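Read top to bottom, the protein sequences are chains A and B.
Note that UniProt numbering has the first sequence beginning at 3, numbered continuously upward.
Note that UniProt numbering has the second sequence beginning at 2, numbered continuously upward.
Just below is one structure, and these are the notes that go with it.
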Amino acid sequence: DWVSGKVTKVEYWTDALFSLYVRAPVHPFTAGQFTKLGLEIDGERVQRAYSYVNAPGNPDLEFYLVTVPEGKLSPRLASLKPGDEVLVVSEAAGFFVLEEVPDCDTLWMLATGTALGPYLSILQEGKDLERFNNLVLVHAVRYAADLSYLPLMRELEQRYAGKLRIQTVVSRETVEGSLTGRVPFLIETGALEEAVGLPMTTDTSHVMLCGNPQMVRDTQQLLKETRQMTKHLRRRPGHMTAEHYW
Amino acid sequence: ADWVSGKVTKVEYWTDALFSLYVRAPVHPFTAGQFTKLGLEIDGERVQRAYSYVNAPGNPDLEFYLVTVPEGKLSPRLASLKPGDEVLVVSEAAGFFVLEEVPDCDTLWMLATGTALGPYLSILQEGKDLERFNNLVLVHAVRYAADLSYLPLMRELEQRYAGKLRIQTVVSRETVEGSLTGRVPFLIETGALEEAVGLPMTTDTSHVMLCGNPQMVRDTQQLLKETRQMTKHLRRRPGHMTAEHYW
Ligand SMILES: Cc1cc2nc3c(=O)[nH]c(=O)nc-3n(C[C@H](O)[C@H](O)[C@H](O)COP(=O)(O)OP(=O)(O)OC[C@H]3O[C@@H](n4cnc5c(N)ncnc54)[C@H](O)[C@@H]3O)c2cc1C
Ligand SMILES: Cc1cc2nc3c(=O)[nH]c(=O)nc-3n(C[C@H](O)[C@H](O)[C@H](O)COP(=O)(O)OP(=O)(O)OC[C@H]3O[C@@H](n4cnc5c(N)ncnc54)[C@H](O)[C@@H]3O)c2cc1C
Ligand SMILES: NC(=O)c1ccc[n+]([C@@H]2O[C@H](COP(=O)([O-])OP(=O)(O)OC[C@H]3O[C@@H](n4cnc5c(N)ncnc54)[C@H](OP(=O)(O)O)[C@@H]3O)[C@@H](O)[C@H]2O)c1
Ligand SMILES: NC(=O)c1ccc[n+]([C@@H]2O[C@H](COP(=O)([O-])OP(=O)(O)OC[C@H]3O[C@@H](n4cnc5c(N)ncnc54)[C@H](OP(=O)(O)O)[C@@H]3O)[C@@H](O)[C@H]2O)c1
Ligand SMILES: [Ca+2]
Ligand SMILES: [Ca+2]
Ligand SMILES: [Mg+2]
Numbered sequence: 003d004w005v006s007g008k009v010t011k012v013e014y015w016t017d018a019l020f021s022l023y024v025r026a027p028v029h030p031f032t033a034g035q036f037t038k039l040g041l042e043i044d045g046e047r048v049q050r051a052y053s054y055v056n057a058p059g060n061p062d063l064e065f066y067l068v069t070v071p072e073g074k075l076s077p078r079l080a081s082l083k084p085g086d087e088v089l090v091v092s093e094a095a096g097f098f099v100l101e102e103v104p105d106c107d108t109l110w111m112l113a114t115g116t117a118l119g120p121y122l123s124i125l126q127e128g129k130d131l132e133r134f135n136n137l138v139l140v141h142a143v144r145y146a147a148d149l150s151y152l153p154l155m156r157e158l159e160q161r162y163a164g165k166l167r168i169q170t171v172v173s174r175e176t177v178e179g180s181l182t183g184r185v186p187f188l189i190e191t192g193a194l195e196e197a198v199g200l201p202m203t204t205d206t207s208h209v210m211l212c213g214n215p216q217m218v219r220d221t222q223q224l225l226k227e228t229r230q231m232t233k234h235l236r237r238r239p240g241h242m243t244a245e246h247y248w
Numbered sequence: 002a003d004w005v006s007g008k009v010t011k012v013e014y015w016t017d018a019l020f021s022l023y024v025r026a027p028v029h030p031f032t033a034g035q036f037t038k039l040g041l042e043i044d045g046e047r048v049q050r051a052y053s054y055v056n057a058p059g060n061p062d063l064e065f066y067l068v069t070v071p072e073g074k075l076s077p078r079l080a081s082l083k084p085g086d087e088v089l090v091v092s093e094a095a096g097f098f099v100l101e102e103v104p105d106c107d108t109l110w111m112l113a114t115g116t117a118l119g120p121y122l123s124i125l126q127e128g129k130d131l132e133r134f135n136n137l138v139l140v141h142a143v144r145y146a147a148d149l150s151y152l153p154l155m156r157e158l159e160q161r162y163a164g165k166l167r168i169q170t171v172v173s174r175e176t177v178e179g180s181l182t183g184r185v186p187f188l189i190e191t192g193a194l195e196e197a198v199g200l201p202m203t204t205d206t207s208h209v210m211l212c213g214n215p216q217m218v219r220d221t222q223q224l225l226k227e228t229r230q231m232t233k234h235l236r237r238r239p240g241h242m243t244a245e246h247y248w
């Protein structure tokens with residue numbers, strides 16, 4: 003069921019990255035889930051999926067978006083202003099949630115670009131992570147200026163008091179404090195595990211992968227070929243849980 | 002890889018973003034459907050990317066159909082080459098997206114998005130070793146009708162194959178006469194593509210080649226597996242679909 007949402011704020015982080023804040027009578031959701039946003043464009047209802055950034059129970063629904071220049075809906079969401087109406091599906095969907103994650107010593111959460119949101123909702127909620135000894139959050143972007151949620155990421159790192167390790171990855175420039183390259187290369191060379199201080203192996207880890215579908219594909223391929231890791235299904239458990247954004 | 006120096010003979014733009022790059026270079030003979038790598042020494046590296054030959058093997062005008070990727074590293078630099086510029090070229094082609102790897106079938110379907118039409122154009126311009134296929138289907142899927150850069154070549158090929166080759170163009174963001182509207186998996190699932198071409202896409206009749214946009218390749222393979230019971234092809238474990246992803 004669609005419901006009418008009210009835009010409270012659009013905040014731009016760069017010329018292309020922005021966060022959209024909404025009030026809408028949605029149902030409770032599980033951290034990691036997504037809903038759909040909708041607008042009427044040229045007489046047609048256009049809808050896309052967007053992950054909740056906010057923890058469940060935060061009434062300020064938050065979405066981390068990138069403007070796709072030739073896209074249908076994202077440039078229109080990008081022009082929303084406080085007070086504008088946006089349609090929101092009241093029932094969330096998705097299985098990219100903690101309750102579906104197998105037990106493991108280390109939960110790796112890998113995200114590209116604007117796909118960070120499910121992890122932020124999970125980590126801001128802060129519940130049901132006791133059974134994991136280690137948490138690792140990796141945000142991979144083109145440029146350091148694209149690390150829009152680095153302040154929250156550092157606050158979360160502080161609050162988890164050493165359980166959560168954060169690592170930023172910047173692929174198109176070299177910046178102090180970040181690894182340079184793409185995630186598959188960084189896994190294969192040992193760079194990511196050296197920087198984080200933890201191994202990513204079948205004996206220790208479960209790996210969640212969110213965002214760029216070619217990154218998800220290539221990382222799963224590499225983990226399968228070199229780490230003997232398998233894709234996870236609820237009915238057929240494995241080491242790798244993925245959510246593709248397109 | 003043995004790099005050789007190539008000479009740009011021409012860059013020809015078809016739209017603001019689509020162009021063909023023409024090169025002379027001492028490359029080895031290649032098999033139609035294969036690709037080489039082009040390189041420029043820029044940005045403190047030898048930036049190199051794979052590009053499919055559009056030309057038939059034996060055509061000395063090496064031809065590459067490219068799209069300018071807005072924030073891309075190499076494609077905007079290739080797009081600003083001029084006659085007489087040097088471009089580096091790997092002399093030995095690579096790739097298995099070639100006829101000798103295609104299982105026997107009644108109908109060979111060749112589906113391409115965007116600038117991934119090149120391997121099929123090289124195969125179909127060469128025109129050899131297609132006797133074992135009864136029917137050939139060439140599908141070019143693009144966003145806008147203006148993006149059908151090789152439509153005149155496709156029409157001449159359609160004429161020269163005297164009916165053996167069926168061509169269909171697909172345009173996803175507008176409705177234009179002569180083209181189907183939408184995305185290839187949707188056109189397959191509704192029967193519209195097959196109705197337009199007049200041939201079925203089934204495991205009994207077809208092998209399907211998929212070239213270009215990796216999501217389209219992924220989604221088309223998924224649809225065909227789920228609804229036509231097709232499998233991915235490996236030389237050692239034959240199946241019904243052969244893919245070449247462009248990223
Ligand atoms: C479960 C799910 C959750 C999603 N969550 C988010 C989210 O939190 N934030 C978000 O920005 N998008 C998210 N997406 C993607 C989103 O649904 C849209 O596809 C995106 O907003 C583009 O829509 P569009 O109509 O503008 O472009 P379309 O014309 O529908 O899409 C065309 C192209 O947009 C590009 N694209 C789409 N999404 C992204 C992206 N995230 N980053 C970079 N390029 C992209 C791809 O190149 C794609 O081929 C999610 C998708 C799914 C399925
Ligand atoms: C076997 C093979 C054959 C290829 N043949 C061709 C060809 O004939 N013509 C061609 O234009 N490209 C072709 N490609 C893609 C090509 O190698 C490059 O990736 C492309 O030119 C962009 O390079 P870049 O340095 O500009 O971009 P990068 O910054 O290195 O790439 C980033 C992004 O560019 C986009 N992109 C890459 N290729 C394409 C494409 N073809 N269409 C749309 N978006 C794209 C994707 O979004 C990709 O993530 C081929 C790739 C392979 C593996
Ligand atoms: N200029 C910018 O910084 C910027 C920022 C946001 C959005 N945009 C616009 O929006 C689009 C880009 O969105 P985005 O940058 O947020 O997302 P993106 O293109 O998915 O890039 C996110 C990250 O994923 C990496 N990646 C891509 N393919 C990969 C693969 N196969 N394996 C591993 N890693 C891979 C990229 O590395 P690579 O860098 O090597 O691709 C990058 O670090 C473009 O249309 C662009 O115009 C631009
Ligand atoms: N003016 C233009 O329209 C134009 C044309 C060429 C190049 N460009 C630029 O170059 C890039 C686009 O290049 P391109 O148009 O050559 O290639 P592309 O984005 O790969 O699109 C080629 C075709 O693939 C289809 N497709 C995409 N994802 C699919 C999927 N999951 N399943 C099935 N089909 C799918 C597209 O349909 P959809 O339309 O539904 O995505 C389109 O018909 C952008 O940066 C763009 O700005 C612009
Ligand atoms: Ca608040
Ligand atoms: Ca795209
Ligand atoms: Mg890309």
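Just so you know, even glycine gets a beta-carbon here, dropped at the ideal spot from N, CA and C.
| Query | Result |
| --- | --- |
| Unbroken stretches of the beta strand (DSSP E), 3 residues or longer, contained in the segment 52-96 of chain B | 63-68 and 87-91 |
| Classification of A163/B by the beta-carbon crowding that lies within 10 angstroms, buried from 16 upward | exposed |
| Inter-residue Cα distance where the pair is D148/B and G34/B | 21 Å |
| Partner residues on chain B for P215/A, Cβ-Cβ distance less than 9 Å | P215, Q216 and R219 |
| Sufficient close CB pairs (3 or more, under 8 Å) joining the segment 69-77 of chain A to the segment 25-44 of chain A | yes |
| Heavy atom of ligand 4 within 7 Å of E178/B beta-carbon | no |
| Nearest-angstrom Cα separation, counted from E101/A out to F20/B | 50 Å |
| Neighbourhood of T243/A by C-beta distance below 6 Å, restricted to the same chain and skipping five residues each side | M210 and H234 |
| Where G59/A falls, given that 16 or more other Cβ within 10 Å makes a residue buried | exposed |
| heavy atom of ligand 2 below 7 Å from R50/B C-beta | yes |
| Beta strand (DSSP E) runs wholly inside the segment 108-162 of chain A, at least 3 long, in chain order | 108-114 and 136-143 |
| Contacts of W15/A in chain B (Cβ-Cβ under 9 Å) | Near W15/A there are no residues of chain B at all, since even the closest Cβ is about 17 Å away, more than 9 Å. |
| CA-to-CA distance, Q160/B to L125/B, given in whole angstroms | 12 Å |
| Reference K129/A; option with closest CA among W248/A, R236/A and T32/A | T32/A |
| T191/B classed as buried or exposed, judged by whether at least 16 other C-beta atoms fall within 10 angstroms | exposed |
| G96/A: CB within 7 Å of a non-hydrogen atom of ligand 1 | yes |
| Contact between the segment 9-19 of chain B and the segment 45-59 of chain B (3+ Cβ pairs under 8 Å) | no |
| Simplified DSSP assignment, three categories, for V177/B | coil |
| Neighbouring residues, chain A, relative to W248/B (Cβ below 8 Å) | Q216 |
| Exposure label - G7/B; buried when at least 16 CB within 10 Å | buried |
| Exposed unless 16 or more other CB atoms sit within 10 angstroms - verdict on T176/A | exposed |
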